[PDB]
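Shown next, in structure tokens, is the structure this report addresses.
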Amino acid sequence: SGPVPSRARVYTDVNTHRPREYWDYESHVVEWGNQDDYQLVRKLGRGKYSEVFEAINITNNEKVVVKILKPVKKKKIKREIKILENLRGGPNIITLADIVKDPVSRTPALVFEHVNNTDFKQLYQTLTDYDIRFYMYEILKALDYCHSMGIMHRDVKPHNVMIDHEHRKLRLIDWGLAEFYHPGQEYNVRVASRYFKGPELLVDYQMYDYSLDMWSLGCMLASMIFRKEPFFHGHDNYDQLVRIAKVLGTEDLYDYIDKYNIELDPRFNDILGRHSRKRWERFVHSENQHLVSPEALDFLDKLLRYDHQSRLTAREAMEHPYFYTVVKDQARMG
Ligand SMILES: CC(C)=CCOc1cccc2c1-c1c(c3c(n1C(C)C)CCCC3=O)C2=O
Ligand code: NA
């Protein structure tokens, strides 16, 4: 009949136990400031519905980042603001500093702490084995925190991880697709970016949870240790699942589809084929072997699972042997 329901393994009911105001972002009241407190310096980039600038706060002469919002869906503005406010001060989460509107155009804009960034298309080429572990651990702190706060990021990818490599500091940005987890809710599956979409999104299983972010993180890890960007390189959403099935195999895929009684789109009927689950040594060569270890492969394998329930949680991930050296060095504070 219908799809089998599902619930997050961790942090299942945390929003239910909050006051309504925590997650009911539609009724949040915004105190809009004056963008004239800020002078734009230069354009830094763009989002799917935003343009991002370096700016100067002319009151205290501090450098900030201004994100001007022009979304197709409007209530998305209060959602992002409310999620950013709930998460403010959490480890490795971008800090929302102010919320303003241009006095003329009335266009809303978010003001953030400034962070430097090197584009991952030139930074990841220089990361050592240790650096990958260190920064993966920093991302996991951010994800464990926001999951523990009842929030799925739903857009984890290199472009959304700002790294100041000189100061070894990392921030997870762009919370515009983030959402509150509520058990039993059916979410939009047209989230995240193609190369980082979890199988639940590709097969249209809507009752997903925080474990979506852990798939995306596994895609990032695979591209870093194997030096293959992206790791799953699909032409479209349907071929994206084919690329995954050629690596993880079709047996576990059809068991997953069976377990949740998922109705598979007929387009997949003639393109998934039959594929074995490949051993990870198949992707190791002389150019990436210094980043690959038994610990790295054991950790990666535990993130990239079809069944979202069987993926590591962020906190389970942080206890994996792959991070023992980072944990020990963090304790002695170095
Ligand atoms: C120094 C350089 C070149 C980049 C640092 O870019 C920062 C720094 C602090 C804070 C943020 C960004 C940023 C944000 C956002 C984006 N970017 C960048 C990637 C343009 C892209 C769109 C979505 C979004 O939200 C954001 O909140
Ligand atoms: Na983005």
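Residue names in the structure tokens use chain letters A, B, ... in the order shown, residue numbers from 1 in each chain, and ligand numbers from 1 in the order shown.
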
Exercise answer, 8 Å around ligand 2 with only C-alpha atoms and all ligand atoms, as a count of residues only: 8

Proximity check region 128-172 of chain A to region 286-301 of chain A, 9 Å, nearest pairs one decimal Å, only C-alpha atoms, as JSON lines:
```
{"residue": "A:128", "atom": "CA", "partner": "A:291", "partner_atom": "CA", "distance": 7.1}
{"residue": "A:129", "atom": "CA", "partner": "A:291", "partner_atom": "CA", "distance": 4.8}
{"residue": "A:130", "atom": "CA", "partner": "A:291", "partner_atom": "CA", "distance": 8.5}
{"residue": "A:132", "atom": "CA", "partner": "A:291", "partner_atom": "CA", "distance": 8.3}
{"residue": "A:133", "atom": "CA", "partner": "A:296", "partner_atom": "CA", "distance": 8.8}
```

Could you turn the residues from that selection into a file that holds N, CA, C and O atoms, as an mmCIF file, in the first residue's frame?
```cif
data_model
loop_
_atom_site.group_PDB
_atom_site.id
_atom_site.type_symbol
_atom_site.label_atom_id
_atom_site.label_comp_id
_atom_site.auth_asym_id
_atom_site.auth_seq_id
_atom_site.Cartn_x
_atom_site.Cartn_y
_atom_site.Cartn_z
ATOM 1 N N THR A 128 46.081 17.723 3.749
ATOM 2 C CA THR A 128 46.718 16.480 4.149
ATOM 3 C C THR A 128 45.672 15.511 4.708
ATOM 4 O O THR A 128 44.520 15.876 4.944
ATOM 5 N N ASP A 129 46.102 14.264 4.935
ATOM 6 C CA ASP A 129 45.264 13.283 5.623
ATOM 7 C C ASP A 129 44.776 13.837 6.954
ATOM 8 O O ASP A 129 43.579 13.780 7.267
ATOM 9 N N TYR A 130 45.684 14.428 7.737
ATOM 10 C CA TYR A 130 45.273 14.978 9.026
ATOM 11 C C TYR A 130 44.264 16.114 8.860
ATOM 12 O O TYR A 130 43.308 16.219 9.639
ATOM 13 N N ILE A 132 42.006 16.635 6.561
ATOM 14 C CA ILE A 132 40.685 16.117 6.223
ATOM 15 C C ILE A 132 39.986 15.629 7.483
ATOM 16 O O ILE A 132 38.808 15.915 7.710
ATOM 17 N N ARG A 133 40.710 14.887 8.330
ATOM 18 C CA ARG A 133 40.128 14.442 9.594
ATOM 19 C C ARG A 133 39.750 15.626 10.466
ATOM 20 O O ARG A 133 38.654 15.668 11.036
#
```

Mind dumping a table of every region 98-210 of chain A residue within 10 Å of region 263-270 of chain A, with the nearest atom pair and its distance in Å to one decimal, using only C-alpha atoms, sorted by chain and rising number, as JSON lines?
```
{"residue": "A:202", "atom": "CA", "partner": "A:264", "partner_atom": "CA", "distance": 9.7}
{"residue": "A:203", "atom": "CA", "partner": "A:264", "partner_atom": "CA", "distance": 6.3}
{"residue": "A:204", "atom": "CA", "partner": "A:264", "partner_atom": "CA", "distance": 8.1}
{"residue": "A:205", "atom": "CA", "partner": "A:263", "partner_atom": "CA", "distance": 8.8}
```

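Proximity to residue 282 (chain A) was assessed for A:226, A:308, A:103, A:332 counting only C-alpha atoms; the smallest distance is recorded for A:226.
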
List every residue of region 16-67 of chain A that DSSP, applied to the backbone, labels as helix (DSSP H, G or I), and write the result as a ChimeraX atom specification. /A:20-23,25-27,35-37

Same residues, N, CA and C atoms, output as a tab-separated table (two decimals), in the first residue's frame:
```tsv
chain	number	residue	atom	x	y	z
A	20	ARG	N	6.25	26.54	21.61
A	20	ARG	CA	5.82	26.65	20.22
A	20	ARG	C	6.65	27.66	19.44
A	21	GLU	N	7.03	28.76	20.09
A	21	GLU	CA	7.77	29.84	19.43
A	21	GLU	C	9.10	29.36	18.84
A	22	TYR	N	9.68	28.30	19.39
A	22	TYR	CA	10.99	27.87	18.91
A	22	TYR	C	10.93	27.46	17.44
A	23	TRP	N	9.91	26.69	17.06
A	23	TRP	CA	9.87	26.11	15.73
A	23	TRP	C	8.80	26.70	14.83
A	25	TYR	N	8.08	29.17	12.97
A	25	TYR	CA	8.77	30.34	12.44
A	25	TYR	C	7.82	31.30	11.73
A	26	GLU	N	6.66	30.82	11.29
A	26	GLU	CA	5.70	31.68	10.60
A	26	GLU	C	5.22	32.83	11.48
A	27	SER	N	5.16	32.65	12.79
A	27	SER	CA	4.69	33.73	13.65
A	27	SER	C	5.83	34.53	14.27
A	35	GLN	N	19.81	49.01	6.55
A	35	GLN	CA	21.01	48.58	5.84
A	35	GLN	C	22.02	49.72	5.72
A	36	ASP	N	21.61	50.97	5.95
A	36	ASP	CA	22.56	52.08	5.87
A	36	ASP	C	23.57	52.09	7.02
A	37	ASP	N	23.41	51.22	8.02
A	37	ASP	CA	24.50	51.00	8.97
A	37	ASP	C	25.70	50.31	8.31
```

What do you get as a PDB file with C-alpha atoms, in the first residue's frame if you pick all residues at most 10 Å from ligand 1, counting only C-alpha atoms and all ligand atoms?
```pdb
ATOM      1  CA  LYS A  43      30.537  41.173  -4.281  1.00  0.00           C
ATOM      2  CA  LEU A  44      31.672  37.811  -2.897  1.00  0.00           C
ATOM      3  CA  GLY A  45      29.274  35.399  -4.564  1.00  0.00           C
ATOM      4  CA  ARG A  46      25.690  34.367  -5.081  1.00  0.00           C
ATOM      5  CA  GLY A  47      23.223  31.800  -3.845  1.00  0.00           C
ATOM      6  CA  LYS A  48      20.276  30.293  -5.659  1.00  0.00           C
ATOM      7  CA  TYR A  49      18.166  33.267  -4.487  1.00  0.00           C
ATOM      8  CA  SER A  50      20.684  35.641  -2.863  1.00  0.00           C
ATOM      9  CA  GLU A  51      23.623  37.897  -3.646  1.00  0.00           C
ATOM     10  CA  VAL A  52      26.425  38.096  -1.088  1.00  0.00           C
ATOM     11  CA  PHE A  53      28.713  41.050  -0.388  1.00  0.00           C
ATOM     12  CA  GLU A  54      31.585  41.998   1.831  1.00  0.00           C
ATOM     13  CA  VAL A  64      30.881  41.753   7.857  1.00  0.00           C
ATOM     14  CA  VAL A  65      29.074  39.817   5.120  1.00  0.00           C
ATOM     15  CA  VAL A  66      25.691  40.933   3.733  1.00  0.00           C
ATOM     16  CA  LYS A  67      23.349  38.416   2.092  1.00  0.00           C
ATOM     17  CA  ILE A  68      20.570  40.123   0.108  1.00  0.00           C
ATOM     18  CA  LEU A  69      17.521  37.832  -0.188  1.00  0.00           C
ATOM     19  CA  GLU A  80      16.143  30.988   7.799  1.00  0.00           C
ATOM     20  CA  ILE A  93      27.717  27.672  12.812  1.00  0.00           C
ATOM     21  CA  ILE A  94      27.850  30.982  10.934  1.00  0.00           C
ATOM     22  CA  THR A  95      26.868  33.827  13.285  1.00  0.00           C
ATOM     23  CA  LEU A  96      23.916  36.014  12.242  1.00  0.00           C
ATOM     24  CA  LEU A 110      21.028  39.149   6.557  1.00  0.00           C
ATOM     25  CA  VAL A 111      24.270  40.370   8.110  1.00  0.00           C
ATOM     26  CA  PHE A 112      26.822  37.758   9.167  1.00  0.00           C
ATOM     27  CA  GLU A 113      30.179  37.592  10.858  1.00  0.00           C
ATOM     28  CA  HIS A 114      32.946  37.718   8.280  1.00  0.00           C
ATOM     29  CA  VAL A 115      34.944  34.564   7.550  1.00  0.00           C
ATOM     30  CA  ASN A 116      37.677  34.102   5.007  1.00  0.00           C
ATOM     31  CA  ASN A 117      37.327  31.324   2.505  1.00  0.00           C
ATOM     32  CA  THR A 118      39.459  29.533  -0.027  1.00  0.00           C
ATOM     33  CA  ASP A 119      37.361  27.949  -2.763  1.00  0.00           C
ATOM     34  CA  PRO A 158      31.695  22.051  -0.032  1.00  0.00           C
ATOM     35  CA  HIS A 159      30.263  25.379  -1.237  1.00  0.00           C
ATOM     36  CA  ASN A 160      28.427  25.656   2.115  1.00  0.00           C
ATOM     37  CA  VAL A 161      31.514  25.081   4.280  1.00  0.00           C
ATOM     38  CA  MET A 162      33.670  28.191   4.746  1.00  0.00           C
ATOM     39  CA  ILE A 163      37.251  27.412   5.754  1.00  0.00           C
ATOM     40  CA  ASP A 164      39.800  29.953   6.967  1.00  0.00           C
ATOM     41  CA  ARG A 171      31.806  27.643   9.487  1.00  0.00           C
ATOM     42  CA  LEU A 172      28.734  25.931   8.045  1.00  0.00           C
ATOM     43  CA  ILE A 173      26.754  28.533   6.085  1.00  0.00           C
ATOM     44  CA  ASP A 174      23.593  28.917   3.969  1.00  0.00           C
ATOM     45  CA  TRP A 175      20.723  27.797   6.166  1.00  0.00           C
ATOM     46  CA  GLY A 176      18.082  28.742   3.571  1.00  0.00           C
TER      47      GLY A 176
END
```
